[PDB]
file target_12.csv (CSV, C-alpha atoms and all ligand atoms)
chain,number,residue,atom,x,y,z
A,1,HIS,CA,-13.0,11.6,56.7
A,2,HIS,CA,-15.9,13.7,55.5
A,3,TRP,CA,-15.9,12.6,51.9
A,4,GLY,CA,-19.1,11.3,50.3
A,5,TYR,CA,-21.1,11.4,47.1
A,6,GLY,CA,-22.9,14.7,47.4
A,7,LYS,CA,-22.3,18.0,45.5
A,8,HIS,CA,-20.1,19.4,48.3
A,9,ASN,CA,-18.1,16.3,49.2
A,10,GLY,CA,-18.3,14.0,46.2
A,11,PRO,CA,-15.7,12.6,43.7
A,12,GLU,CA,-14.7,16.1,42.4
A,13,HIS,CA,-13.6,17.1,45.9
A,14,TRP,CA,-11.8,13.9,47.0
A,15,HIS,CA,-8.4,15.0,45.6
A,16,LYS,CA,-8.1,17.7,48.3
A,17,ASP,CA,-7.7,15.2,51.0
A,18,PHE,CA,-6.6,12.3,48.9
A,19,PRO,CA,-4.2,13.7,46.2
A,20,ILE,CA,-3.7,10.2,44.7
A,21,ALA,CA,-7.2,10.8,43.3
A,22,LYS,CA,-5.3,12.3,40.3
A,23,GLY,CA,-2.8,9.5,40.2
A,24,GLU,CA,-1.5,7.3,37.4
A,25,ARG,CA,-3.7,4.2,38.0
A,26,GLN,CA,-7.0,5.3,39.3
A,27,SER,CA,-10.3,3.4,39.1
A,28,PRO,CA,-12.9,3.0,37.7
A,29,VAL,CA,-12.3,3.3,34.0
A,30,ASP,CA,-14.3,3.0,30.8
A,31,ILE,CA,-13.6,-0.3,29.1
A,32,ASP,CA,-13.4,0.4,25.4
A,33,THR,CA,-14.1,-3.1,24.1
A,34,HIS,CA,-12.6,-2.6,20.7
A,35,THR,CA,-9.3,-1.3,22.2
A,36,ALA,CA,-8.9,-4.0,24.8
A,37,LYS,CA,-6.7,-6.7,23.6
A,38,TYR,CA,-7.0,-10.5,23.9
A,39,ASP,CA,-4.1,-11.8,26.0
A,40,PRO,CA,-3.7,-15.5,25.3
A,41,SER,CA,-1.3,-15.9,28.2
A,42,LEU,CA,-4.1,-15.0,30.7
A,43,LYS,CA,-5.0,-18.1,32.7
A,44,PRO,CA,-8.6,-19.0,33.5
A,45,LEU,CA,-10.0,-17.5,36.6
A,46,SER,CA,-10.3,-19.8,39.7
A,47,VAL,CA,-13.1,-18.7,42.0
A,48,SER,CA,-13.1,-21.1,45.0
A,49,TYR,CA,-16.0,-20.1,47.2
A,50,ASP,CA,-17.2,-23.5,48.4
A,51,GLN,CA,-15.9,-23.0,51.9
A,52,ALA,CA,-16.9,-19.3,52.2
A,53,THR,CA,-18.0,-18.2,55.7
A,54,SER,CA,-20.1,-15.0,55.7
A,55,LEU,CA,-20.4,-13.3,59.1
A,56,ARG,CA,-22.1,-10.0,59.0
A,57,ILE,CA,-23.6,-7.2,56.9
A,58,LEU,CA,-22.8,-3.6,57.7
A,59,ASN,CA,-24.1,-0.2,56.5
A,60,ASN,CA,-20.9,1.9,56.6
A,61,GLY,CA,-22.5,5.1,55.4
A,62,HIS,CA,-21.1,4.6,51.8
A,63,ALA,CA,-22.5,1.2,50.8
A,64,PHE,CA,-23.2,-2.0,52.7
A,65,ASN,CA,-20.6,-4.7,53.1
A,66,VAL,CA,-21.2,-8.4,53.5
A,67,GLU,CA,-18.2,-9.5,55.5
A,68,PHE,CA,-16.4,-12.9,55.5
A,69,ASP,CA,-14.1,-14.9,57.7
A,70,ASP,CA,-10.7,-14.2,56.0
A,71,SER,CA,-8.5,-15.7,58.8
A,72,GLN,CA,-8.1,-18.8,56.7
A,73,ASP,CA,-8.1,-19.7,53.0
A,74,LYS,CA,-11.9,-20.4,52.9
A,75,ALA,CA,-13.0,-18.3,49.9
A,76,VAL,CA,-10.2,-17.5,47.5
A,77,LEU,CA,-9.6,-16.1,44.0
A,78,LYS,CA,-6.6,-17.3,42.0
A,79,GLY,CA,-5.5,-17.6,38.4
A,80,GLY,CA,-6.3,-15.1,35.7
A,81,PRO,CA,-3.8,-12.3,35.8
A,82,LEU,CA,-3.0,-13.1,39.4
A,83,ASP,CA,0.1,-14.6,41.0
A,84,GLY,CA,-0.7,-16.3,44.3
A,85,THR,CA,-3.8,-16.5,46.5
A,86,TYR,CA,-6.3,-13.8,47.3
A,87,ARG,CA,-8.8,-14.2,50.2
A,88,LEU,CA,-12.3,-12.9,50.0
A,89,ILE,CA,-12.9,-10.3,52.8
A,90,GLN,CA,-16.1,-8.6,51.7
A,91,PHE,CA,-18.4,-7.7,48.9
A,92,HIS,CA,-20.5,-4.6,48.3
A,93,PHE,CA,-22.3,-2.8,45.5
A,94,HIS,CA,-22.5,0.7,44.0
A,95,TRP,CA,-25.8,1.7,42.5
A,96,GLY,CA,-27.8,4.6,41.0
A,97,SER,CA,-30.9,6.6,41.7
A,98,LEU,CA,-32.1,5.5,38.2
A,99,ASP,CA,-31.8,2.2,36.3
A,100,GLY,CA,-29.5,3.9,33.7
A,101,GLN,CA,-26.7,4.8,36.1
A,102,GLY,CA,-25.0,3.2,39.0
A,103,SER,CA,-22.0,1.2,37.8
A,104,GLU,CA,-18.4,2.5,38.3
A,105,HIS,CA,-16.8,0.8,35.3
A,106,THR,CA,-18.5,1.5,32.0
A,107,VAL,CA,-18.4,-0.6,28.8
A,108,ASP,CA,-18.1,1.5,25.7
A,109,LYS,CA,-19.4,4.3,27.9
A,110,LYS,CA,-22.5,2.3,28.8
A,111,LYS,CA,-23.5,2.6,32.5
A,112,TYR,CA,-25.2,-0.4,34.2
A,113,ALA,CA,-27.7,-0.1,37.1
A,114,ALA,CA,-25.2,-1.3,39.6
A,115,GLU,CA,-21.9,-3.0,40.1
A,116,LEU,CA,-20.9,-5.7,42.5
A,117,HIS,CA,-17.3,-5.7,44.0
A,118,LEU,CA,-16.0,-8.9,45.6
A,119,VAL,CA,-12.9,-7.7,47.4
A,120,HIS,CA,-9.9,-10.0,47.9
A,121,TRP,CA,-6.4,-9.5,49.4
A,122,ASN,CA,-3.1,-11.1,48.6
A,123,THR,CA,-2.3,-13.6,51.4
A,124,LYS,CA,1.5,-13.0,51.0
A,125,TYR,CA,0.9,-9.6,52.8
A,126,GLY,CA,-0.7,-11.3,55.9
A,127,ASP,CA,-3.6,-8.8,56.5
A,128,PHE,CA,-5.8,-6.5,54.5
A,129,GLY,CA,-4.3,-3.3,56.0
A,130,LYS,CA,-0.8,-4.4,54.8
A,131,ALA,CA,-2.2,-5.5,51.4
A,132,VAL,CA,-3.7,-2.1,50.5
A,133,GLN,CA,-0.2,-0.6,50.8
A,134,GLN,CA,1.1,-2.9,48.0
A,135,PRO,CA,0.7,-2.5,44.2
A,136,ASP,CA,-0.5,-6.1,44.0
A,137,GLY,CA,-2.3,-6.2,47.3
A,138,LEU,CA,-5.9,-6.6,46.2
A,139,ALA,CA,-7.9,-8.3,43.5
A,140,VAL,CA,-11.5,-7.0,43.1
A,141,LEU,CA,-13.9,-9.0,41.0
A,142,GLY,CA,-16.4,-6.6,39.4
A,143,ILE,CA,-19.8,-7.7,38.1
A,144,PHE,CA,-22.3,-5.5,36.4
A,145,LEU,CA,-26.0,-5.6,37.3
A,146,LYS,CA,-28.7,-4.9,34.8
A,147,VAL,CA,-32.4,-4.6,35.6
A,148,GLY,CA,-34.6,-7.4,34.3
A,149,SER,CA,-35.3,-10.8,35.9
A,150,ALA,CA,-34.7,-11.3,39.6
A,151,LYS,CA,-31.4,-12.8,40.8
A,152,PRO,CA,-32.5,-15.5,43.3
A,153,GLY,CA,-29.1,-15.6,45.0
A,154,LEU,CA,-29.4,-11.8,45.8
A,155,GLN,CA,-32.7,-12.0,47.6
A,156,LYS,CA,-31.3,-12.9,51.0
A,157,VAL,CA,-29.2,-9.7,50.8
A,158,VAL,CA,-32.2,-7.6,49.8
A,159,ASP,CA,-34.3,-9.1,52.6
A,160,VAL,CA,-31.9,-8.0,55.4
A,161,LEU,CA,-31.5,-4.4,54.3
A,162,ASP,CA,-34.4,-3.2,56.4
A,163,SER,CA,-32.4,-4.1,59.5
A,164,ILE,CA,-29.3,-2.0,58.4
A,165,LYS,CA,-31.1,1.1,57.1
A,166,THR,CA,-28.7,3.6,58.5
A,167,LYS,CA,-25.0,4.2,58.9
A,168,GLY,CA,-23.3,2.1,61.6
A,169,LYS,CA,-26.0,-0.6,61.7
A,170,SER,CA,-25.0,-4.2,61.3
A,171,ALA,CA,-26.7,-7.6,61.3
A,172,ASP,CA,-25.7,-11.2,61.5
A,173,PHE,CA,-25.4,-12.6,58.0
A,174,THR,CA,-24.1,-16.1,58.3
A,175,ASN,CA,-24.4,-19.0,55.8
A,176,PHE,CA,-24.6,-16.8,52.7
A,177,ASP,CA,-23.3,-18.3,49.5
A,178,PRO,CA,-21.6,-15.7,47.2
A,179,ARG,CA,-21.6,-18.2,44.3
A,180,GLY,CA,-25.3,-17.2,43.8
A,181,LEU,CA,-24.2,-13.8,42.6
A,182,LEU,CA,-22.0,-14.9,39.7
A,183,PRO,CA,-23.0,-15.0,36.0
A,184,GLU,CA,-22.5,-18.1,34.0
A,185,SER,CA,-19.3,-17.0,32.2
A,186,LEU,CA,-16.1,-16.0,33.8
A,187,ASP,CA,-14.8,-14.1,30.7
A,188,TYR,CA,-13.2,-10.9,31.9
A,189,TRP,CA,-11.3,-7.8,31.3
A,190,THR,CA,-8.4,-6.9,33.6
A,191,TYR,CA,-6.2,-3.8,34.3
A,192,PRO,CA,-4.2,-2.3,37.2
A,193,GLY,CA,-6.1,0.2,39.2
A,194,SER,CA,-7.2,1.5,42.6
A,195,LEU,CA,-9.8,1.6,45.3
A,196,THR,CA,-12.7,3.5,43.9
A,197,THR,CA,-13.3,5.3,47.3
A,198,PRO,CA,-11.0,7.1,49.6
A,199,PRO,CA,-8.2,6.4,50.4
A,200,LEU,CA,-8.1,5.6,46.6
A,201,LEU,CA,-4.9,3.5,47.1
A,202,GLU,CA,-3.4,2.1,43.9
A,203,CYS,CA,-3.3,-1.5,45.1
A,204,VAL,CA,-6.0,-3.3,43.0
A,205,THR,CA,-5.8,-5.7,40.1
A,206,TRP,CA,-9.3,-5.2,38.6
A,207,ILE,CA,-11.0,-8.2,37.1
A,208,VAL,CA,-14.3,-7.2,35.5
A,209,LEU,CA,-16.6,-9.8,34.2
A,210,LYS,CA,-18.0,-9.4,30.7
A,211,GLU,CA,-21.4,-11.0,31.5
A,212,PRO,CA,-23.7,-8.9,33.7
A,213,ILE,CA,-26.1,-10.5,36.1
A,214,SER,CA,-29.8,-9.6,36.0
A,215,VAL,CA,-31.6,-8.3,39.1
A,216,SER,CA,-35.2,-7.2,39.3
A,217,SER,CA,-36.5,-3.7,39.6
A,218,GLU,CA,-37.8,-4.6,43.1
A,219,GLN,CA,-34.4,-5.8,44.2
A,220,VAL,CA,-32.6,-2.6,43.2
A,221,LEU,CA,-35.5,-0.4,44.5
A,222,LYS,CA,-34.7,-1.9,47.9
A,223,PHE,CA,-31.0,-0.9,47.6
A,224,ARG,CA,-32.3,2.7,47.1
A,225,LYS,CA,-34.2,2.7,50.4
A,226,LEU,CA,-31.0,2.5,52.4
A,227,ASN,CA,-29.7,5.7,54.1
A,228,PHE,CA,-26.3,7.4,54.0
A,229,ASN,CA,-27.1,9.0,57.3
A,230,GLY,CA,-27.2,7.6,60.8
A,231,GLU,CA,-30.3,6.9,62.8
A,232,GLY,CA,-32.0,10.1,64.1
A,233,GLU,CA,-30.4,12.2,61.4
A,234,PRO,CA,-32.1,13.8,58.4
A,235,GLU,CA,-32.8,11.1,55.8
A,236,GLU,CA,-30.4,11.0,52.8
A,237,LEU,CA,-31.2,8.1,50.5
A,238,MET,CA,-28.1,5.9,49.7
A,239,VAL,CA,-28.2,6.3,45.9
A,240,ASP,CA,-25.5,7.2,43.3
A,241,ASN,CA,-22.7,6.0,45.5
A,242,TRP,CA,-20.4,5.5,42.4
A,243,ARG,CA,-17.3,7.2,41.2
A,244,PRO,CA,-17.2,8.1,37.5
A,245,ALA,CA,-14.7,6.8,35.1
A,246,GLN,CA,-11.1,8.1,35.5
A,247,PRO,CA,-8.4,8.7,32.9
A,248,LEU,CA,-6.9,5.5,31.6
A,249,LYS,CA,-3.4,7.1,31.3
A,250,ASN,CA,-0.6,4.7,30.7
A,251,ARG,CA,-2.6,1.5,30.9
A,252,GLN,CA,-3.8,-1.3,28.7
A,253,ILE,CA,-6.9,-3.3,29.4
A,254,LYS,CA,-6.6,-7.0,28.6
A,255,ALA,CA,-9.3,-9.4,27.7
A,256,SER,CA,-9.4,-13.1,28.6
A,257,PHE,CA,-11.6,-13.9,25.6
A,258,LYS,CA,-11.5,-13.4,21.8
A,301,LIG,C1,-4.3,-0.3,59.0
A,301,LIG,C2,-5.6,-0.4,58.4
A,301,LIG,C3,-6.0,0.9,57.7
A,301,LIG,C4,-7.5,0.9,57.2
A,301,LIG,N1,-7.6,1.0,55.8
A,301,LIG,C5,-9.0,1.0,55.4
A,301,LIG,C6,-9.2,0.9,53.9
A,301,LIG,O1,-8.3,1.4,53.1
A,301,LIG,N2,-10.3,0.3,53.4
A,301,LIG,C7,-10.5,0.2,51.9
A,301,LIG,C8,-12.0,-0.4,51.8
A,301,LIG,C9,-12.4,-0.5,50.3
A,301,LIG,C10,-12.7,0.7,49.5
A,301,LIG,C11,-13.1,0.6,48.2
A,301,LIG,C12,-13.1,-0.7,47.6
A,301,LIG,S1,-13.6,-0.9,45.9
A,301,LIG,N3,-14.9,0.0,45.7
A,301,LIG,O2,-12.5,-0.3,45.2
A,301,LIG,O3,-13.9,-2.3,45.7
A,301,LIG,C13,-12.8,-1.8,48.4
A,301,LIG,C14,-12.4,-1.7,49.7
A,302,NA,NA,-39.8,-5.3,37.1
A,303,ZN,ZN,-16.6,-0.9,45.3
call {"tool": "encode", "arguments": {"input": "target_12.csv", "output": "structure tokens"}}
result
Amino acid sequence: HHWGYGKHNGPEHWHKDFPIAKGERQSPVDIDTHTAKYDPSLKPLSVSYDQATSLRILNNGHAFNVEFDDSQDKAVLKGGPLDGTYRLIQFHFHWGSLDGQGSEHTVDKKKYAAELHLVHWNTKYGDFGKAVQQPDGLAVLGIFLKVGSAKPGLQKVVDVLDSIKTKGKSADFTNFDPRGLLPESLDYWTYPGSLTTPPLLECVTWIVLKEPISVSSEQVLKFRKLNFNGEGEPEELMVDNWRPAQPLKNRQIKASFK
């Protein structure tokens, strides 16, 4: 894998190594709020993060992941469009070089400064690697970030980024509560899609919250100080690590709210 987000290895190139990039249910997409339809049969979302056990934070050269113990049902996502139980394995963000870009999903073509992805896998498939090979293997909860007031629950993440500046660095990150990253409302849009990075597998039920969270300019500035490169390599700031919206094709986006 030599894919990335640069001119010579970015989203326009991915299809050469990952032909599913041009598939029938790729993500992200633009959410056209007027065309999305309220689905009264959608159940409320159940976010059960009380027993979440964070372990580590990793710069993987594409983003940073906060990783969780997913060897038991400790932090799970249920309800909404989902059948069964989905275990939280990690969260990460995508963000821009400027406050007016960075999100992967867009809303009526509006780009947010960043987007949070809480990644969960369907426990009926036993492990994450098996789950990504299934059309209902993953559920990713997406949350938009806009720049304004600080998000207090994000600051512990921001604080540790200095210790994982470069690709391949990790740090202990225990006792982090991901509930501090949620907005008030769990109103959402949902549609069938894919991973937004290679391998671009079409295994994700996307659940995108309508309400953004606010983060401060200082918080997102610190995201932008991370590096794509490894230690001792030429510095490439980790910014604009987002895939643009892909064709909706034969899909309908459903809304949980009127
Ligand atoms: C046998 C195991 C094979 C390893 N398989 C590794 C693998 O496919 N990892 C996928 C990691 C990933 C990528 C993108 C998102 S997003 N941005 O869509 O939320 C979420 C998660
Ligand atoms: Na500010
Ligand atoms: Zn993501």
call {"tool": "closest_residue", "arguments": {"input": "target_12.csv", "among": "A:220, A:125, A:93, A:173", "to": "residue 55 in chain A", "atoms": "all atoms listed in the file"}}
result
A:173
call {"tool": "closest_residue", "arguments": {"input": "target_12.csv", "among": "A:106, A:85, A:216, A:90", "to": "residue 150 in chain A", "atoms": "only C-alpha atoms"}}
result
A:216
call {"tool": "residues_around", "arguments": {"input": "target_12.csv", "residues": "range 33-41 of chain A", "least_positions_apart": "5", "cutoff": "6 Å", "atoms": "only C-alpha atoms", "output": "ChimeraX atom specification"}}
result
/A:253-258
call {"tool": "closest_atom_pairs", "arguments": {"input": "target_12.csv", "of": "chain A", "to": "ligand NA 302 (chain A)", "cutoff": "10 Å", "atoms": "all atoms listed in the file", "output": "tab-separated table"}}
result
residue	atom	partner	partner_atom	distance
A:147	CA	A:NA302	NA	7.6
A:148	CA	A:NA302	NA	6.3
A:149	CA	A:NA302	NA	7.2
A:150	CA	A:NA302	NA	8.3
A:215	CA	A:NA302	NA	9.0
A:216	CA	A:NA302	NA	5.4
A:217	CA	A:NA302	NA	4.4
A:218	CA	A:NA302	NA	6.4
A:219	CA	A:NA302	NA	8.9
A:220	CA	A:NA302	NA	9.8
A:221	CA	A:NA302	NA	9.9
call {"tool": "write_last_selection", "arguments": {"input": "target_12.csv", "atoms": "C-alpha atoms", "output": "PDB file, in the frame of the given file"}}
result
ATOM      1  CA  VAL A 147     -32.400  -4.600  35.600  1.00  0.00           C
ATOM      2  CA  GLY A 148     -34.600  -7.400  34.300  1.00  0.00           C
ATOM      3  CA  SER A 149     -35.300 -10.800  35.900  1.00  0.00           C
ATOM      4  CA  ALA A 150     -34.700 -11.300  39.600  1.00  0.00           C
ATOM      5  CA  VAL A 215     -31.600  -8.300  39.100  1.00  0.00           C
ATOM      6  CA  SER A 216     -35.200  -7.200  39.300  1.00  0.00           C
ATOM      7  CA  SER A 217     -36.500  -3.700  39.600  1.00  0.00           C
ATOM      8  CA  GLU A 218     -37.800  -4.600  43.100  1.00  0.00           C
ATOM      9  CA  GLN A 219     -34.400  -5.800  44.200  1.00  0.00           C
ATOM     10  CA  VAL A 220     -32.600  -2.600  43.200  1.00  0.00           C
ATOM     11  CA  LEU A 221     -35.500  -0.400  44.500  1.00  0.00           C
TER      12      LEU A 221
END
call {"tool": "residues_near_ligand", "arguments": {"input": "target_12.csv", "ligand": "ligand LIG 301 (chain A)", "cutoff": "8 Å", "atoms": "only C-alpha atoms and all ligand atoms", "output": "VMD selection string"}}
result
chain A and resid 27 91 to 94 117 to 119 128 to 130 132 140 194 to 201 204
call {"tool": "write_last_selection", "arguments": {"input": "target_12.csv", "atoms": "C-alpha atoms", "output": "PDB file, in the frame of the given file"}}
result
ATOM      1  CA  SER A  27     -10.300   3.400  39.100  1.00  0.00           C
ATOM      2  CA  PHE A  91     -18.400  -7.700  48.900  1.00  0.00           C
ATOM      3  CA  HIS A  92     -20.500  -4.600  48.300  1.00  0.00           C
ATOM      4  CA  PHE A  93     -22.300  -2.800  45.500  1.00  0.00           C
ATOM      5  CA  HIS A  94     -22.500   0.700  44.000  1.00  0.00           C
ATOM      6  CA  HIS A 117     -17.300  -5.700  44.000  1.00  0.00           C
ATOM      7  CA  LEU A 118     -16.000  -8.900  45.600  1.00  0.00           C
ATOM      8  CA  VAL A 119     -12.900  -7.700  47.400  1.00  0.00           C
ATOM      9  CA  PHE A 128      -5.800  -6.500  54.500  1.00  0.00           C
ATOM     10  CA  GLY A 129      -4.300  -3.300  56.000  1.00  0.00           C
ATOM     11  CA  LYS A 130      -0.800  -4.400  54.800  1.00  0.00           C
ATOM     12  CA  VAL A 132      -3.700  -2.100  50.500  1.00  0.00           C
ATOM     13  CA  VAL A 140     -11.500  -7.000  43.100  1.00  0.00           C
ATOM     14  CA  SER A 194      -7.200   1.500  42.600  1.00  0.00           C
ATOM     15  CA  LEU A 195      -9.800   1.600  45.300  1.00  0.00           C
ATOM     16  CA  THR A 196     -12.700   3.500  43.900  1.00  0.00           C
ATOM     17  CA  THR A 197     -13.300   5.300  47.300  1.00  0.00           C
ATOM     18  CA  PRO A 198     -11.000   7.100  49.600  1.00  0.00           C
ATOM     19  CA  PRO A 199      -8.200   6.400  50.400  1.00  0.00           C
ATOM     20  CA  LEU A 200      -8.100   5.600  46.600  1.00  0.00           C
ATOM     21  CA  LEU A 201      -4.900   3.500  47.100  1.00  0.00           C
ATOM     22  CA  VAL A 204      -6.000  -3.300  43.000  1.00  0.00           C
TER      23      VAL A 204
END
